[PDB]
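[1] Turn this into a model:
(chains A, B, C, D, E and F)
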6 protein chains.
Amino acid sequence: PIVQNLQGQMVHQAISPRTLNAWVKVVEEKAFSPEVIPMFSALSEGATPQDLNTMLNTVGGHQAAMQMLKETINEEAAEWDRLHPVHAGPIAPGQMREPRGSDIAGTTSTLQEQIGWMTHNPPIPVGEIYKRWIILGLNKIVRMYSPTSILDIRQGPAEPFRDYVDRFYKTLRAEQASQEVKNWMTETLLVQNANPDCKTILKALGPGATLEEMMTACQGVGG
Amino acid sequence: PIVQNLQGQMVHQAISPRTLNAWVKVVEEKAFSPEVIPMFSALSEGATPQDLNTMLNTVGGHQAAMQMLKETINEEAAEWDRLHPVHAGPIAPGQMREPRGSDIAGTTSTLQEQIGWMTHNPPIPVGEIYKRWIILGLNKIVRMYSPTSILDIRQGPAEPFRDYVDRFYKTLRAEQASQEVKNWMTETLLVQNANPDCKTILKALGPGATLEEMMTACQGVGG
Amino acid sequence: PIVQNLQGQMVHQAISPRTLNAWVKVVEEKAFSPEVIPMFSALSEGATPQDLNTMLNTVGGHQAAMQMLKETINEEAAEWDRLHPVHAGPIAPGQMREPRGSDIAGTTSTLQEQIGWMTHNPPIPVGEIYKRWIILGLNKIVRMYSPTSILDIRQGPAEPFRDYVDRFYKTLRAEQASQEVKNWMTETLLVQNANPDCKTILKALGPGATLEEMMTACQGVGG
Amino acid sequence: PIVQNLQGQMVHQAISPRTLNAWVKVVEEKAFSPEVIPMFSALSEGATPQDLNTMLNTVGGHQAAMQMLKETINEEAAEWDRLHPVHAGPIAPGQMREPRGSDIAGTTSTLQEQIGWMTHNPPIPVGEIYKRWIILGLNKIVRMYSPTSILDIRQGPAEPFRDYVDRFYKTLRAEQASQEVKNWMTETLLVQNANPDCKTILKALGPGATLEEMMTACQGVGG
Amino acid sequence: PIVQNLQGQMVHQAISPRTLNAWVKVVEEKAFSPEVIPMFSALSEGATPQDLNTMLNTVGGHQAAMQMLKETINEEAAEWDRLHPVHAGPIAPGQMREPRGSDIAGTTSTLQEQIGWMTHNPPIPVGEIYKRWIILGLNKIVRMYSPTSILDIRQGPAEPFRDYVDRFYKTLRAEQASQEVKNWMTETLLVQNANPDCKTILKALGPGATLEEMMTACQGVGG
Amino acid sequence: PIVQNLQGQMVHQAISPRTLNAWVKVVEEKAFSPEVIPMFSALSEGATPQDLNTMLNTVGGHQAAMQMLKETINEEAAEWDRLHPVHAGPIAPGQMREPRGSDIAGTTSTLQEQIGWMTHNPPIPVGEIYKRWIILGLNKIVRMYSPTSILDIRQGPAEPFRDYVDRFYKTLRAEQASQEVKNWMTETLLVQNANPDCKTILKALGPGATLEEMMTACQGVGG
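    Numbers count the residues shown, from 1 in each chain, chains lettered A, B, ... in the order given. What follows is the structure:
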């Protein structure tokens, strides 16, 4: 994180041990369920690419996921190389360099350069750029670990509607495709994969029903 | 939260990991008992819509409640759209835009715009507005999870009056209707739902009795 | 709590989650034993009425005690209404309103008004006034939960005098009446409720003996 | 403790909940062993008499000891009343009152008066004065709870000399009388209460030997 | 770490006990697995050589690795002696000495000298140099404790490909040789060590397949 | 610890409860293994002798070690008395007294005199002098509690060389004599105390080998 010095040097505080302990505990305990993403987007606000690399390397568990994330980062860096080419020239008066793909990450970048690159006006936010690429690979990571496709979940013989809605929406959160298909999923197969008695009552309500209405309608009905 | 900078840039400190850990633990362990609401209204004082979204997304348990809460937030935002229409014009001299319904949430709003919207004079408190909508959906969430309606609780044959009063008032807190019906419920069903011996003693005291007198009257009386 | 701003705008700090967790844990584990009162008077130093309401509402256990405490607040607010009437007039030059009974609590009061009321010279100590009313109801609450009146305790056949003195003084703390009768209790039924051999030795020392002398007298004597 | 204000008002910081929890946990877990005293003299550095009263009241365990401590405090305050009489006159120009015995404690003293009394030049250190009287009663209290007089510690038949030295010096710490008799105890009964083989070897060394030599001599000798 | 004083003396903050506790716990629990390196590179940011020596000495577990690391530091200090020789002359006007190899560590160096050596312009960052030598020896330590060479890993008859990729990449992380040979390892022995059926699918996809494709290909295929 | 005041009074920050809890836990759990020394030298950076006395007195376990360390402090203070005698004269213009042996410790010294003695230029670092004497006695403390001399450790018939190196170097750390004999011990009895087959392979390597070669050579060789 960036902080101003008393005199003012635009200096960097080392990440707290508590944040790393919390992140490691979250990754270890929660496997790679979808809440890792908001948690990462919370523990790393304003963090430099060195801090993000520190949190990434601090993990010593599911190394396959970390390597796939590294491959995604490399692909996104390669993509970044093409979009903005090299300036092809000497240093402009009082001007620092332009971020390369590897420069965005902490591989080919000193801490002072990253300090400068996000504290100059106009700002090149290398931290948020690295965060976006990490999140985009964590998306795939969370997708791979869900052991159910959305078109496979149906509520059992003796099970409350509450548990079904929980499971269905957990799977829906895991299986990110797009907003339109998410709403289509919600409005069509929630009712069409239930218990025949639950099917009957849910059809009895009809279309255009909020989830609260569906939940209160099936409350107790089905036991 | 909003905190002034040393020079003064009106900058935002990232929410503490401890607060999110406490919030997640509370939601997990305590299910959705009525104590979630006062705790949420405490752990998120002055928080930006981004912080509220972070707390809302950090949980990975009861996804049905969070989806119903999201639907409630969408409804409240749609309601917000109608009440305040669009200015229909260019940017006024030295003036930022007006918060839309989605702008109140963090969906279509950058952190800097939210920072600006809540420190300009006069202030548009987007944080408090989003907090009210979140509380208005947590109310429904807490209502749904109480597994007993108020007119269904009756004190057992061998049970102290203390436990009955605890259960009755917990249910009364769960089932929010309005102040007057709460008072009428307290003054009419507490006595007319107890143990027959408890019925007799409460009849012996009579009406217009504070809860303290009711509790001390039956202390030991009924075992 | 009141905390000053760098520029100075008479601003308010939210209570740390640690204090709420500690208060909730104390109430949950310690029932309503007498040490709750000093604990409340310690964790809420300088706290605004909104903070006190947060601490009270965060509790989700013994709801009967919470409702009794709410009735006590209502009675003490009704009492407060009579003592200081309404000024019956318009706003005086540069003057804020006079706190009512409800305004003393957090029901009919905004945080900014509470800030203003407790930081202007001369100061209206709204927070301490609410604290006193809360403590006065916690007194009744603590009295109700002691499962022994003071004139029922007598030392067991084979039990050290230390345990007896512990129980007697715990009950003495619980049963608050008034100082002189407390002293009379101490100086009269410490001796005249004890074990027959203990009765004899305490008679042997005689009157006007400090608690240290009484404890050292029966050390080992009685086993 | 005392904390200076940004403008400078000589304001008071409330004790952290962590310190109260640590003090309560120490009193609970460690009984009333002699280590309570250094712990109290540590957790209460610079604390006002209100803070000391808070720490004393927060515990609801060994209530007999707390009454003993209160009686000792009252005696010490009564003693203080005699030594410093009443000024017998009106208020001197720009002068606050002279603390009484009760004013030294928190009974008859508001927090502001205590704040003033310890921040004026020359300083009346009411905090340290109250700390000394509390420590003086804690001395007696810790003496009472040691369940062995010093002249009863004789090392068992098959037990290492190290355990004997530990027990003997623990009792030596507990039984505080005066320095010279402490050294006499150390130099006379440590050797004259041990195992006859340990007695023999200790006699073999002779007098004027440091305790390190005492353990290194008997290391293993006696098994 | 480095902190500036209010007046400005460029003074040294002692490392919090929490950091030492976390580092000791990490070294104890995680043995000498590869996550120790990012852990040390994170918990010691900006630390003076005295802080690094404190972290090194605080642990009392695997003393063999600690002696190995000390020998590595001695070798790297001896190497440092040759590269930069002695200035061979008196003190230059307003100039401090040029660090020796042992001066880089905390053996022959006062804390104030290291303070001066790192706050002067141009900076001699003794902390970073000591950190690099510690890291280079921790690398050998982590290499020694991996109980499998890379060309010995083969996934069993009934085992998911996920566990194999985890184990293989953990081993690859442990066995650092160089980037090119790591890539070569990844590109041919991941597939040429699997289950014969898994061998069939991996052959079926063909070369030039990202790790994500390899994982999704054999998902469930092989049970 | 020393902390400058806002106005500037050079006032003393009270030691944290967390540090004392950590120190007490370390002493209790870790007995008196050599890791107590670096941990003590880390948890007490810049601490005044009052803080050191607080940490020492907070211990209530191995009281024999505490008394021996107290005698060591007394001896070191007596030694200190001889080296620097008394000035034998009145107070010099604007000069404070000279630290005596007891003055170095907290026995005959108020906190303010210690505050002055280490803040005035030139500085008399009383705290560091007390730290050195305490460390010198803790050295004997750790030496006494090691239940093995260095020339008594021999590795068993069936035990990995790693465990032997750990044990041997732990004992080596415990038994401090001098650097030369330490190196001689390392290079002469590490090999001459192993398992016959381990003896043969160690002979096969030969002299002039760093610990790394012995560790890798016997990896698995001996099972």
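[2] Tell me where chain A has helices.
    Along chain A, counting by DSSP state H, helices occupy A:17-29, A:36-43, A:49-57, A:63-83, A:101-104, A:111-117, A:126-144, A:161-174, A:179-192, A:196-205, A:211-217.
[3] now for the ones you listed, which one comes closest to chain C?
    Comparing the helices of chain A against chain C with Cβ to the nearest Cβ, the closest turns out to be helix A:17-29 (13.4 Å). Heads up, the C-betas are built off the backbone N, CA and C, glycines and all.
[4] quick revisit: between the helices of chain A, which one is nearest to residue D:34?
    Proximity to residue D:34 (Cβ to Cβ) singles out helix A:17-29 among the helices of chain A, at 35.1 Å.
[5] Output the contacting helices and strands for the closest one.
    The elements that helix A:17-29 packs onto, with contact taken as 3 or more Cβ pairs under 8 Å, 6 or more residues apart in numbering or on different chains; DSSP states H and E, are helix A:36-43, helix A:49-57, helix B:17-29, helix E:17-29, helix E:36-43.
[6] how about 7 Å then?
    The elements that helix A:17-29 packs onto, with contact taken as 3 or more Cβ pairs under 7 Å, 6 or more residues apart in numbering or on different chains; DSSP states H and E, are helix A:36-43, helix B:17-29, helix E:17-29.
[7] ok, how many other residues are close to residue A:123?
    A count of nearby residues for residue A:123, using other Cβ atoms under 10 Å in any protein chain shown, gives 10.
[8] and the gap between the residue nearest to residue A:55 when sequence neighbours are not counted and chain F?
    Across the structure, with Cβ to Cβ, 6 or more residues apart in numbering or on different chains as the measure, the residue nearest residue A:55 apart from its sequence neighbours is residue A:23 (5.4 Å). Residue A:23 sits 23 Å away from chain F, taking Cβ to the nearest Cβ, to the nearest Å as the criterion.
[9] how much space between residue A:23 and residue A:49?
    In this structure, residue A:23 lies at 16 Å from residue A:49, with Cβ to Cβ, to the nearest Å as the measure.
[10] sorry, back to before: out of the helices and strands packed on helix A:17-29, which is the most enclosed?
    Most buried of these, by mean neighbour count (mean count of other Cβ atoms under 10 Å in any protein chain shown): helix A:36-43, with a mean of 20.
[11] ok, it near chain E or not?
    No - legend: contact between helix A:36-43 and chain E by Cβ under 7 Å from any Cβ of the partner chain is lacking; minimum distance shown is 13.3 Å.
[12] Summarise which helices and strands that helix is packed against.
    Contacting helix A:36-43 under the criterion 3+ Cβ pairs under 7 Å, 6+ apart are the following elements: helix A:17-29, helix A:126-144, helix B:49-58.
[13] Dump these to a markdown table, plus distance to residue C:138.
    As requested, these are exported to a markdown table (distance: least, Cβ to Cβ, whole Å):
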| stretch | distance to residue C:138 |
| --- | --- |
| helix A:17-29 | 35 |
| helix A:126-144 | 48 |
| helix B:49-58 | 31 |
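[14] one step back: using JSON lines, lay out the helices and strands packed on helix A:17-29 together with distance to residue E:182.
    Shown next, in JSON lines, are the helices and strands packed on helix A:17-29 (distance: least, Cβ to Cβ, whole Å):
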{"stretch": "helix A:36-43", "distance to residue E:182": "26"}
{"stretch": "helix B:17-29", "distance to residue E:182": "34"}
{"stretch": "helix E:17-29", "distance to residue E:182": "25"}
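[15] closest to residue F:9 out of the ones you listed?
    Closest of those to residue F:9 is helix E:17-29, at 26.7 Å (criterion: Cβ to Cβ).
[16] can you list contacts of that closest one?
    By Cβ atoms under 7 Å, 6 or more residues apart in numbering or on different chains, the surrounding residues in contact with helix E:17-29 are A:17, A:21, E:36, E:39, E:43, E:55, E:58-59, E:61, F:18-19, F:22, F:42-43.
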